[PDB]
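Colleague: Pasting in a structure now, in structure tokens, and then I'll have a few things to ask.
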Amino acid sequence: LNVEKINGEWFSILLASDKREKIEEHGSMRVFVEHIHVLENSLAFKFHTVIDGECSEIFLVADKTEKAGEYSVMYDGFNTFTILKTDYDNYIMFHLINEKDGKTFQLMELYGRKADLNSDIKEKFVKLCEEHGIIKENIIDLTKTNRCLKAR
Ligand SMILES: CCCC[C@H](CC)CO
Ligand SMILES: [Cl-]
């Protein structure tokens with residue numbers, strides 16, 4: 001991974017979790033990326049989210065941890081994440097682990113440089129989710145939901 005090449009604008013495409021409530025319409029992890037800025041020691045994200053039907057912004061900065069490739073950020077508990085796969089100019093796949101209260105769950109996210117991605121890429125993501133114990137019923141195609149695109 002050449003992390004500098006993930007800089008710039010992205011769209012949230014598929015969102016998946018082994019704790020489905022977290023990514024349902026009112027879940028804390030139901031956020032829609034707008035950009036990722038690469039800094040020397042971190043990744044700075046801008047997201048939108050819907051709160052009571054209205055779009056709103058969320059900004060997070062994730063710091064490099066002591067494990068190469070891994071980043072951490074506080075948001076609804078303590079999160080660590082890695083980049084699973086990317087071609088830089090079309091798709092990126094993230095894997096995240098949340099811890100809160102002694103409990104954990106996984107999130108996986110597929111982002112695109114455009115507002116949609118083709119079915120081949122989506123199906124490959126779905127298979128990768130399954131490989132992490134995230135079942136097909138726990139993968140949401142955000143392109144058929146409110147992603148706050150009008151707010152970008
Ligand atoms: C890299 C994943 C960012 C995930 C996000 C904020 C922690 C929630 O969907
Ligand atoms: Cl939308």
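Chain lettering (A, B, ...) mirrors the order of the structure tokens, residue numbering begins at 1 for each chain separately, and ligand numbering begins at 1 in order of display.
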If you count only C-alpha atoms and all ligand atoms, which residues end up within 10 Å of ligand 1, as a CSV table (one decimal) with N, CA, C and O atoms, in the first residue's frame?
Modeller:
chain,number,residue,atom,x,y,z
A,12,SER,N,-19.3,6.5,-0.1
A,12,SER,CA,-19.6,5.3,0.6
A,12,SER,C,-20.6,4.4,-0.3
A,12,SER,O,-21.6,5.0,-0.7
A,15,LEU,N,-21.7,-1.0,3.1
A,15,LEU,CA,-21.4,-0.9,4.6
A,15,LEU,C,-21.9,-2.2,5.2
A,15,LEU,O,-23.0,-2.7,5.0
A,16,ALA,N,-21.0,-2.9,6.0
A,16,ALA,CA,-21.3,-4.2,6.5
A,16,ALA,C,-20.8,-4.3,7.9
A,16,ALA,O,-19.8,-3.7,8.4
A,17,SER,N,-21.5,-5.1,8.7
A,17,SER,CA,-21.1,-5.3,10.1
A,17,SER,C,-21.6,-6.7,10.6
A,17,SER,O,-22.6,-7.1,10.2
A,22,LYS,N,-25.6,-1.4,14.2
A,22,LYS,CA,-24.7,-0.3,14.2
A,22,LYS,C,-24.7,0.4,12.8
A,22,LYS,O,-24.2,1.6,12.8
A,23,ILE,N,-25.1,-0.2,11.8
A,23,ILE,CA,-25.1,0.3,10.4
A,23,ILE,C,-26.5,0.5,9.9
A,23,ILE,O,-26.6,0.9,8.7
A,27,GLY,N,-28.0,4.0,13.3
A,27,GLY,CA,-26.8,3.4,14.0
A,27,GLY,C,-25.7,4.4,13.9
A,27,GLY,O,-25.5,5.2,13.0
A,28,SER,N,-24.8,4.3,14.9
A,28,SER,CA,-23.7,5.3,15.0
A,28,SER,C,-22.7,5.2,13.8
A,28,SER,O,-22.0,6.1,13.5
A,29,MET,N,-22.7,4.0,13.2
A,29,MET,CA,-21.7,3.8,12.1
A,29,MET,C,-22.2,4.0,10.8
A,29,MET,O,-21.5,3.8,9.8
A,30,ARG,N,-23.4,4.4,10.7
A,30,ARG,CA,-24.1,4.8,9.4
A,30,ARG,C,-23.7,6.2,9.0
A,30,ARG,O,-24.4,7.2,9.2
A,31,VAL,N,-22.5,6.3,8.4
A,31,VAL,CA,-21.9,7.6,7.9
A,31,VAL,C,-21.4,7.4,6.5
A,31,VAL,O,-21.2,6.2,6.1
A,32,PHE,N,-21.3,8.5,5.9
A,32,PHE,CA,-21.0,8.5,4.4
A,32,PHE,C,-19.8,9.3,4.1
A,32,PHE,O,-19.8,10.6,4.4
A,33,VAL,N,-18.7,8.7,3.6
A,33,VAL,CA,-17.5,9.4,3.5
A,33,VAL,C,-17.6,10.5,2.4
A,33,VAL,O,-18.3,10.3,1.4
A,36,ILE,N,-10.8,11.6,2.3
A,36,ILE,CA,-9.8,11.1,3.2
A,36,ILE,C,-8.5,11.9,2.8
A,36,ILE,O,-8.1,11.9,1.7
A,43,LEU,N,-4.8,9.7,9.1
A,43,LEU,CA,-5.8,9.9,8.0
A,43,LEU,C,-6.9,10.8,8.6
A,43,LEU,O,-7.5,10.4,9.6
A,45,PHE,N,-10.7,12.2,8.0
A,45,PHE,CA,-11.8,11.9,7.3
A,45,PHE,C,-12.9,13.0,7.5
A,45,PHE,O,-13.1,13.5,8.6
A,46,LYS,N,-13.7,13.2,6.4
A,46,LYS,CA,-14.9,14.0,6.5
A,46,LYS,C,-16.0,13.0,6.1
A,46,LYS,O,-15.9,12.4,5.1
A,47,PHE,N,-17.1,12.9,6.9
A,47,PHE,CA,-18.3,12.2,6.6
A,47,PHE,C,-19.5,13.1,6.7
A,47,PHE,O,-19.5,14.1,7.4
A,49,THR,N,-23.7,12.3,7.8
A,49,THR,CA,-24.6,11.4,8.5
A,49,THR,C,-26.0,12.0,8.6
A,49,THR,O,-26.1,13.2,8.4
A,58,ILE,N,-19.5,15.0,10.1
A,58,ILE,CA,-18.7,14.4,11.2
A,58,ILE,C,-17.2,14.4,10.6
A,58,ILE,O,-17.0,14.0,9.5
A,59,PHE,N,-16.3,14.9,11.4
A,59,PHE,CA,-14.9,14.9,11.1
A,59,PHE,C,-14.1,14.0,12.1
A,59,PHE,O,-14.4,14.2,13.3
A,60,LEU,N,-13.3,13.1,11.6
A,60,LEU,CA,-12.5,12.2,12.4
A,60,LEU,C,-11.0,12.2,11.9
A,60,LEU,O,-10.8,12.3,10.7
A,61,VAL,N,-10.1,12.1,12.8
A,61,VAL,CA,-8.7,11.9,12.5
A,61,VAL,C,-8.3,10.6,13.2
A,61,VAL,O,-8.5,10.4,14.4
A,62,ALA,N,-7.7,9.7,12.4
A,62,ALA,CA,-7.2,8.4,12.8
A,62,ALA,C,-5.8,8.4,12.8
A,62,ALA,O,-5.2,8.7,11.8
A,71,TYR,N,-4.6,2.0,12.0
A,71,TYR,CA,-4.9,3.3,12.5
A,71,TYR,C,-5.9,3.1,13.6
A,71,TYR,O,-6.7,2.2,13.6
A,72,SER,N,-6.0,4.1,14.5
A,72,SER,CA,-7.0,4.1,15.6
A,72,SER,C,-7.6,5.4,15.7
A,72,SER,O,-7.1,6.5,15.5
A,73,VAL,N,-8.9,5.4,16.2
A,73,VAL,CA,-9.7,6.6,16.4
A,73,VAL,C,-10.8,6.3,17.4
A,73,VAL,O,-11.4,5.2,17.4
A,74,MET,N,-11.1,7.3,18.2
A,74,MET,CA,-12.1,7.3,19.2
A,74,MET,C,-13.4,7.8,18.5
A,74,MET,O,-13.5,8.9,18.0
A,75,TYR,N,-14.4,6.9,18.5
A,75,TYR,CA,-15.7,7.2,17.9
A,75,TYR,C,-16.7,6.1,18.4
A,75,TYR,O,-16.5,5.0,18.0
A,76,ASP,N,-17.6,6.4,19.3
A,76,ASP,CA,-18.5,5.4,19.8
A,76,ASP,C,-17.7,4.2,20.3
A,76,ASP,O,-18.0,3.1,20.1
A,77,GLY,N,-16.7,4.5,21.1
A,77,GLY,CA,-15.7,3.6,21.6
A,77,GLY,C,-14.4,3.7,20.9
A,77,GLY,O,-14.1,4.7,20.2
A,78,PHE,N,-13.6,2.7,21.0
A,78,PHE,CA,-12.2,2.7,20.5
A,78,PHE,C,-12.2,1.8,19.2
A,78,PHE,O,-12.5,0.7,19.3
A,79,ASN,N,-11.7,2.4,18.1
A,79,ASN,CA,-11.7,1.8,16.8
A,79,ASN,C,-10.3,1.6,16.3
A,79,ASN,O,-9.5,2.5,16.4
A,80,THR,N,-10.0,0.4,15.7
A,80,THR,CA,-8.8,0.2,14.9
A,80,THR,C,-9.2,-0.2,13.6
A,80,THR,O,-10.2,-0.9,13.4
A,81,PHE,N,-8.5,0.2,12.5
A,81,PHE,CA,-8.8,-0.2,11.2
A,81,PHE,C,-7.6,-0.4,10.3
A,81,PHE,O,-6.5,0.2,10.6
A,82,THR,N,-7.8,-1.1,9.3
A,82,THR,CA,-6.8,-1.4,8.2
A,82,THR,C,-7.4,-1.3,6.9
A,82,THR,O,-8.7,-1.3,6.7
A,83,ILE,N,-6.6,-1.1,5.8
A,83,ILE,CA,-7.0,-1.1,4.5
A,83,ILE,C,-6.8,-2.5,3.9
A,83,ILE,O,-5.7,-3.1,4.0
A,92,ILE,N,-11.8,1.2,-2.6
A,92,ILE,CA,-11.0,0.9,-1.4
A,92,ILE,C,-11.9,0.1,-0.5
A,92,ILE,O,-13.1,0.4,-0.4
A,93,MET,N,-11.3,-0.8,0.3
A,93,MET,CA,-12.0,-1.6,1.2
A,93,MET,C,-11.3,-1.5,2.6
A,93,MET,O,-10.1,-1.7,2.7
A,94,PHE,N,-12.1,-1.1,3.6
A,94,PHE,CA,-11.6,-1.0,5.0
A,94,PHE,C,-12.2,-2.1,5.9
A,94,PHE,O,-13.3,-2.5,5.7
A,95,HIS,N,-11.4,-2.5,6.8
A,95,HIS,CA,-11.8,-3.4,7.9
A,95,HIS,C,-11.6,-2.7,9.2
A,95,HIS,O,-10.4,-2.3,9.5
A,96,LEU,N,-12.6,-2.6,10.1
A,96,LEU,CA,-12.5,-1.9,11.4
A,96,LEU,C,-13.0,-2.8,12.5
A,96,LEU,O,-13.9,-3.6,12.3
A,97,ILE,N,-12.4,-2.7,13.6
A,97,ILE,CA,-12.8,-3.3,14.9
A,97,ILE,C,-13.1,-2.3,15.9
A,97,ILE,O,-12.3,-1.4,16.2
A,98,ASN,N,-14.3,-2.3,16.4
A,98,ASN,CA,-14.8,-1.4,17.5
A,98,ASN,C,-14.7,-2.1,18.8
A,98,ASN,O,-15.2,-3.3,18.9
A,107,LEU,N,-16.6,-3.8,11.3
A,107,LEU,CA,-17.2,-3.1,10.3
A,107,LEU,C,-16.4,-3.3,9.0
A,107,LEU,O,-15.1,-3.4,9.1
A,108,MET,N,-17.0,-3.5,7.9
A,108,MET,CA,-16.2,-3.4,6.6
A,108,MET,C,-17.0,-2.4,5.7
A,108,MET,O,-18.2,-2.3,5.7
A,109,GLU,N,-16.2,-1.7,5.0
A,109,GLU,CA,-16.7,-0.6,4.1
A,109,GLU,C,-16.0,-0.6,2.8
A,109,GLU,O,-14.8,-0.8,2.7
A,110,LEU,N,-16.8,-0.4,1.7
A,110,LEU,CA,-16.4,-0.3,0.4
A,110,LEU,C,-16.7,1.1,-0.1
A,110,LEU,O,-17.9,1.5,-0.1
A,111,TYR,N,-15.7,1.9,-0.4
A,111,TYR,CA,-15.8,3.2,-0.9
A,111,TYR,C,-15.4,3.2,-2.4
A,111,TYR,O,-14.6,2.4,-2.9
Colleague: Could you give me the residues within stretch 37-115 of chain A that DSSP places in strand (DSSP E), as JSON, numbers by chain?
Modeller: {"A": [37, 38, 42, 43, 44, 45, 46, 47, 48, 49, 50, 51, 54, 55, 56, 57, 58, 59, 60, 61, 62, 63, 64, 71, 72, 73, 74, 78, 79, 80, 81, 82, 83, 84, 85, 86, 91, 92, 93, 94, 95, 96, 97, 98, 99, 100, 103, 104, 105, 106, 107, 108, 109, 110, 111, 112]}
Colleague: For ligand 2, which residue among A:55, A:44, A:6, A:140 is the nearest when counting only C-alpha atoms and all ligand atoms?
Modeller: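 Result for the nearest residue to ligand 2: A:55.
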Colleague: Report as a Markdown table: every residue of chain A with an atom at most 12 Å from ligand 2, its closest pair of atoms, and their distance in Å to one decimal, counting only C-alpha atoms and all ligand atoms, with rows sorted by chain and ascending residue number.
Modeller:
| residue | atom | partner | partner_atom_place_in_ligand_line | distance |
| --- | --- | --- | --- | --- |
| A:11 | CA | ligand 2 | 1 (Cl) | 10.6 |
| A:12 | CA | ligand 2 | 1 (Cl) | 10.5 |
| A:13 | CA | ligand 2 | 1 (Cl) | 11.1 |
| A:31 | CA | ligand 2 | 1 (Cl) | 11.9 |
| A:32 | CA | ligand 2 | 1 (Cl) | 9.7 |
| A:48 | CA | ligand 2 | 1 (Cl) | 10.6 |
| A:49 | CA | ligand 2 | 1 (Cl) | 10.7 |
| A:50 | CA | ligand 2 | 1 (Cl) | 10.4 |
| A:53 | CA | ligand 2 | 1 (Cl) | 11.9 |
| A:54 | CA | ligand 2 | 1 (Cl) | 11.6 |
| A:55 | CA | ligand 2 | 1 (Cl) | 10.0 |
| A:115 | CA | ligand 2 | 1 (Cl) | 9.5 |
| A:116 | CA | ligand 2 | 1 (Cl) | 11.5 |
| A:141 | CA | ligand 2 | 1 (Cl) | 12.0 |
| A:142 | CA | ligand 2 | 1 (Cl) | 8.6 |
| A:143 | CA | ligand 2 | 1 (Cl) | 7.4 |
| A:144 | CA | ligand 2 | 1 (Cl) | 8.0 |
| A:145 | CA | ligand 2 | 1 (Cl) | 6.4 |
| A:146 | CA | ligand 2 | 1 (Cl) | 4.1 |
| A:147 | CA | ligand 2 | 1 (Cl) | 4.1 |
| A:148 | CA | ligand 2 | 1 (Cl) | 4.6 |
| A:149 | CA | ligand 2 | 1 (Cl) | 4.4 |
| A:150 | CA | ligand 2 | 1 (Cl) | 6.4 |
| A:151 | CA | ligand 2 | 1 (Cl) | 8.7 |
| A:152 | CA | ligand 2 | 1 (Cl) | 9.8 |
Colleague: Just to be explicit: take each residue in the selection above, keep N, CA, C and O atoms, and write the result as a compact mmCIF listing (two decimals), in the first residue's frame.
Modeller:
# COMPACT_ATOMS: atom_id res chain seq x y z
N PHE A 11 -16.78 8.10 -2.02
CA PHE A 11 -18.21 7.87 -1.77
C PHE A 11 -18.37 6.57 -1.03
O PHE A 11 -17.72 5.56 -1.39
N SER A 12 -19.29 6.49 -0.08
CA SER A 12 -19.62 5.25 0.57
C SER A 12 -20.57 4.44 -0.28
O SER A 12 -21.61 4.97 -0.68
N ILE A 13 -20.22 3.20 -0.54
CA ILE A 13 -20.97 2.32 -1.44
C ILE A 13 -21.65 1.18 -0.67
O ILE A 13 -22.89 1.10 -0.65
N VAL A 31 -22.48 6.29 8.39
CA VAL A 31 -21.88 7.56 7.94
C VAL A 31 -21.41 7.36 6.53
O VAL A 31 -21.20 6.24 6.05
N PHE A 32 -21.25 8.49 5.85
CA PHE A 32 -21.04 8.52 4.39
C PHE A 32 -19.81 9.34 4.11
O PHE A 32 -19.79 10.56 4.36
N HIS A 48 -20.60 12.63 6.10
CA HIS A 48 -21.95 13.08 6.44
C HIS A 48 -22.66 11.96 7.16
O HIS A 48 -22.31 10.79 7.10
N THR A 49 -23.74 12.34 7.83
CA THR A 49 -24.63 11.35 8.47
C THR A 49 -26.02 11.99 8.57
O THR A 49 -26.13 13.21 8.44
N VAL A 50 -27.03 11.14 8.73
CA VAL A 50 -28.41 11.65 8.87
C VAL A 50 -28.72 11.60 10.34
O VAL A 50 -28.62 10.59 10.98
N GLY A 53 -33.38 12.72 10.20
CA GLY A 53 -33.82 13.04 8.85
C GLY A 53 -33.01 14.11 8.16
O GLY A 53 -33.20 14.33 6.97
N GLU A 54 -32.10 14.77 8.89
CA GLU A 54 -31.34 15.92 8.40
C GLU A 54 -29.87 15.51 8.26
O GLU A 54 -29.26 14.89 9.14
N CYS A 55 -29.27 15.98 7.17
CA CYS A 55 -27.84 15.73 7.02
C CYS A 55 -26.97 16.60 7.88
O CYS A 55 -27.33 17.73 8.10
N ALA A 115 -19.91 7.65 -7.34
CA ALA A 115 -21.03 7.39 -6.45
C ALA A 115 -21.51 5.94 -6.52
O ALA A 115 -22.31 5.55 -5.65
N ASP A 116 -21.05 5.14 -7.48
CA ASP A 116 -21.40 3.73 -7.53
C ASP A 116 -20.17 2.98 -7.99
O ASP A 116 -19.18 3.55 -8.48
N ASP A 141 -26.32 -1.94 0.79
CA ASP A 141 -25.96 -1.13 -0.37
C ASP A 141 -26.51 0.28 -0.18
O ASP A 141 -27.71 0.56 -0.33
N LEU A 142 -25.60 1.17 0.21
CA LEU A 142 -25.95 2.52 0.54
C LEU A 142 -26.37 3.34 -0.67
O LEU A 142 -26.95 4.43 -0.52
N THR A 143 -26.13 2.86 -1.88
CA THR A 143 -26.55 3.58 -3.06
C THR A 143 -28.10 3.63 -3.16
O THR A 143 -28.58 4.47 -3.92
N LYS A 144 -28.79 2.78 -2.47
CA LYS A 144 -30.27 2.79 -2.42
C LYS A 144 -30.76 3.32 -1.09
O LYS A 144 -31.82 2.94 -0.61
N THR A 145 -30.01 4.23 -0.49
CA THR A 145 -30.36 4.88 0.78
C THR A 145 -29.99 6.36 0.69
O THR A 145 -29.39 6.82 -0.27
N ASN A 146 -30.34 7.11 1.73
CA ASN A 146 -29.93 8.50 1.82
C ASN A 146 -28.48 8.62 2.28
O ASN A 146 -28.18 8.38 3.46
N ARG A 147 -27.60 8.97 1.34
CA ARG A 147 -26.16 9.18 1.61
C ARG A 147 -25.84 10.65 1.72
O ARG A 147 -24.65 11.02 1.75
N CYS A 148 -26.80 11.53 1.80
CA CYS A 148 -26.54 12.96 1.92
C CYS A 148 -25.74 13.45 0.73
O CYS A 148 -24.96 14.39 0.85
N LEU A 149 -25.93 12.89 -0.46
CA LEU A 149 -25.12 13.37 -1.59
C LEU A 149 -25.35 14.85 -1.84
O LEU A 149 -24.39 15.55 -2.20
N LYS A 150 -26.56 15.35 -1.62
CA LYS A 150 -26.89 16.76 -1.80
C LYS A 150 -26.11 17.68 -0.90
O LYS A 150 -25.99 18.89 -1.17
N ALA A 151 -25.56 17.18 0.17
CA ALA A 151 -24.80 17.98 1.15
C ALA A 151 -23.34 18.08 0.79
O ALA A 151 -22.61 18.82 1.41
N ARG A 152 -22.88 17.28 -0.18
CA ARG A 152 -21.42 17.25 -0.48
C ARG A 152 -20.95 18.56 -1.07
O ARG A 152 -19.77 18.92 -0.73
Colleague: Could you state the separation of atom CA of residue A:42 and atom CA of residue A:14 in Å, given to one decimal place?
Modeller: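 Between these atoms lies a distance of 23.6 Å.
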Colleague: Go through A:5, A:136, A:124, A:104 and flag the residue nearest residue A:19, using only C-alpha atoms for the distances.
Modeller: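 Counting only C-alpha atoms, the residue closest to residue A:19 is A:104.
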Colleague: Quick one: pick out all helix (DSSP H, G or I) residues within stretch 12-105 of chain A from a backbone DSSP run and write them as a list in words.
Modeller: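 Residues of stretch 12-105 of chain A classed as helix (DSSP H, G or I): residues 20, 21, 22 and 23 of chain A.
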Colleague: With N, CA and C atoms kept, could you save the residues just selected as a compact mmCIF listing (two decimals), in the first residue's frame?
Modeller:
# COMPACT_ATOMS: atom_id res chain seq x y z
N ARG A 20 -25.45 -5.74 13.21
CA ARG A 20 -26.15 -5.00 12.17
C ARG A 20 -26.76 -3.69 12.66
N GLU A 21 -27.20 -3.62 13.91
CA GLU A 21 -27.82 -2.36 14.36
C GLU A 21 -26.89 -1.19 14.20
N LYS A 22 -25.59 -1.38 14.24
CA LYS A 22 -24.68 -0.27 14.18
C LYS A 22 -24.67 0.43 12.84
N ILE A 23 -25.13 -0.25 11.79
CA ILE A 23 -25.13 0.30 10.44
C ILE A 23 -26.50 0.49 9.88
Colleague: Determine the nearest neighbour of residue A:65 from the options A:41, A:138, A:119, A:7, counting only C-alpha atoms.
Modeller: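 Ranking A:41, A:138, A:119, A:7 by distance to residue A:65, first place goes to A:41.
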Colleague: Using only C-alpha atoms, can you tell me which of A:18, A:4, A:66, A:24 comes closest to residue A:131?
Modeller: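 Checking each candidate against residue A:131, we get A:18 as the closest.
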Colleague: With distances taken over only C-alpha atoms, which of A:122, A:3, A:25, A:139 is nearest to residue A:70?
Modeller: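 When distances to residue A:70 are compared using only C-alpha atoms, the smallest one comes from A:3.
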Colleague: With distances taken over only C-alpha atoms, which residue among A:67, A:101, A:123, A:112 lies nearest residue A:87?
Modeller: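 Of the candidates, the smallest distance to residue A:87 is held by A:112.
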